[PDB]
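Each remark here refers to the structure printed beneath this line.
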Amino acid sequence: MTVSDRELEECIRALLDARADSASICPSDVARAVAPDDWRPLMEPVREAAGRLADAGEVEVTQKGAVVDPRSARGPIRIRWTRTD
């Protein structure tokens, strides 16, 4: 409606790309970057985007230190670049 899947994906990459190795972001960091004035409605779209990038092996999503699916996980999660050797 207001943000494309592609836009959300590019924003996840852009925010992660700007951070240190092993750093992470949260879904609100993405939602605020695309829609600063009204980010809460982007929360589920941002989880879907993270899920797609996780499926592609580009990022991992974690909750309480454990790798999780952002589409299934309840409450606050972290998003990080995959760093598997």
Side-chain angles (χ1 to χ4, degrees):
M1 268 206 74
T2 59
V3 196
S4 67
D5 292 355
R6 188 157 80 180
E7 266 184 77
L8 292 175
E9 288 162 27
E10 156 63 2
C11 181
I12 291 161
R13 291 185 188 117
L15 295 172
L16 284 179
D17 196 86
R19 288 206 186 190
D21 295 356
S22 293
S24 72
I25 61 173
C26 57
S28 77
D29 287 335
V30 192
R32 280 184 184 278
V34 301
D37 289 18
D38 192 16
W39 57 263
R40 282 188 112 79
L42 293 180
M43 290 297 76
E44 299 303 296
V46 164
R47 294 186 161 240
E48 293 290 332
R52 290 186 306 270
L53 293 182
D55 291 343
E58 298 197 7
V59 306
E60 292 166 312
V61 172
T62 68
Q63 190 176 249
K64 302 175 189 182
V67 171
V68 297
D69 182 342
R71 289 152 300 197
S72 294
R74 168 191 304 275
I77 57 172
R78 300 307 298 181
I79 309 162
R80 71 201 193 180
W81 288 132
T82 304
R83 286 195 62 86
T84 325
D85 291 314

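Numbers for residues simply follow the sequence, beginning at 1. FYI, side chains are in, hydrogens and waters are out, and symmetry mates aren't considered; it's all heavy atoms of this structure.
- Between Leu15 and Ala33, the shortest heavy-atom contact is CD1-CB, 4.2 Å.
- In this structure, the side chains of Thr2 and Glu7 stay at 4.5 Å or more apart for every pair of heavy atoms.
- Atom-to-atom distance recorded for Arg83:CZ and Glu60:CD is 11.0 Å, nearest 0.5 angstrom.
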Would you list the atom pairs, donor with acceptor, under 3.5 Å between side chains in residues 35-50 and any protein atom, with sequence neighbours excluded?
residue: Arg47; atom: NH1; partner: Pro70; partner atom: O; Å: 2.8
residue: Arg47; atom: NH1; partner: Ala73; partner atom: O; Å: 2.6
residue: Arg47; atom: NH2; partner: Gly75; partner atom: O; Å: 2.4

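- For the atom pair CD1 (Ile77) and SG (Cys26), the distance works out to 9.0 Å, reported to the nearest 0.5 Å.
- The residue from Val3, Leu16, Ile25 that alone fulfils the side-chain contact (heavy atoms from CB on, under 4.5 Å) condition with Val30 is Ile25.
- Residues satisfying the side chain to side chain donor-acceptor pair (under 3.5 Å) test with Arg78, not counting sequence neighbours, are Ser24.
- Between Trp81 and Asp21 there is no side-chain heavy-atom pair separated by less than 4.5 Å.
- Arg52 is not listed as a side-chain neighbour of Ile12, based on a closest heavy-atom distance of 4.5 Å or more.
- Qualifying salt bridge (charged side-chain N to carboxylate O under 4.0 Å, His left out) partners for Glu58, counting only residues two or more places apart in sequence or in other chains: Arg13.
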